[PDB]
């Protein structure tokens, strides 16, 4: 019955067992999917390999999206080990920490380029590299955040990146849609991850989300993973170009929640 049985997917972005990419891969594996994984470097490879093993996969490849020379070997590895792809998970972003503190006006050009290149252009290069391998009905998923279309506290240049990323999803949905290939973004609420811990005062965002979200909770890793799996699976074959919020409902809020502000009850 598994909704990805016999389906083959590449997972780009696992860092540890907290990675959103890991939550999605786990839900996919529980639905019968055959998986491959990339790692950025040798230190992360020692985390990615045991994770890939718990999901029955020896297919682990190096990929620094900033290094163009890594893409043709990736294509060769996937083609040799999997033959073709039913889905890709693009779960990678980076902006230097100093660009996320302070203000947007204060962003350097190289911080701007790095954020755009790693968080946005990497989806274009990854999908173009792997496009010949994509089967009929395949699904490409990337990860985004409400900071793209609303101000969120000192997301700054990443908000610009995620806005361009969501636009990319719409143009790629059209480019690939004539090949019966879907492209979507999962917009997750804040969640504790390796990249999360690199943002100063991230716990304030997580706490503000928890108190003010309709469901009065932060989202779990498994909730993000299950939504990803849905978008990657044929259940969502009528869905493309979509930005899907998995955020405990936080996106509907136009102001702080009340009862007196819930935030003030929290004191």
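Positions refer to the first chain, counted from 1.
Which fits the stretch between residue 259 and residue 260: none, 1 to 3, 4 to 9, or 10 or more deposited residues lacking coordinates? Going from residue 259 to residue 260, the model skips 4 to 9 residues of the deposited sequence.
Is the mean CA B factor in the deposited entry higher across 196-204 or across 42-50?
Stretch with the greater average CA B-factor: 196-204.
Test of understanding: from the entry's C-alpha B-factors, which stretch has the higher mean, 129-137 or 177-185? Per the PDB entry, the higher value belongs to 129-137.
Which of 69, 242, 222, 62 ranks first by CA B-factor in the deposited coordinates: Highest C-alpha B-factor among the listed options: 69.
Checklist entry - Looking at 144, 167, 149, 113, which has the highest CA B-factor as recorded? => result Highest C-alpha B-factor among the listed residues goes to 113.
(Q) What third of the chain does residue 121 rank in for C-alpha temperature factor, lowest, middle or highest? (A) According to the entry, residue 121 has a C-alpha B-factor in the chain's middle third.
Next on the checklist: Using only modelled residues of the chain, where does the Cα B factor of residue 84 rank: lowest third, middle third or highest third?
Outcome noted: CA B-factor rank for residue 84: middle third.
By its CA B factor, does residue 36 count among the lowest, middle or highest third of the modelled residues in the chain?
Lowest third of the chain for residue 36's C-alpha B-factor.
Query raised in the report: By its CA B factor, does residue 158 count among the lowest, middle or highest third of the modelled residues in the chain?
Result: Lowest third, going by the recorded CA B-factors of the chain.
Split into thirds by Cα B-factor across the chain's modelled residues, where does residue 172 land: lowest, middle or highest?
Ranked within chain, residue 172 CA B lands in the lowest tercile.
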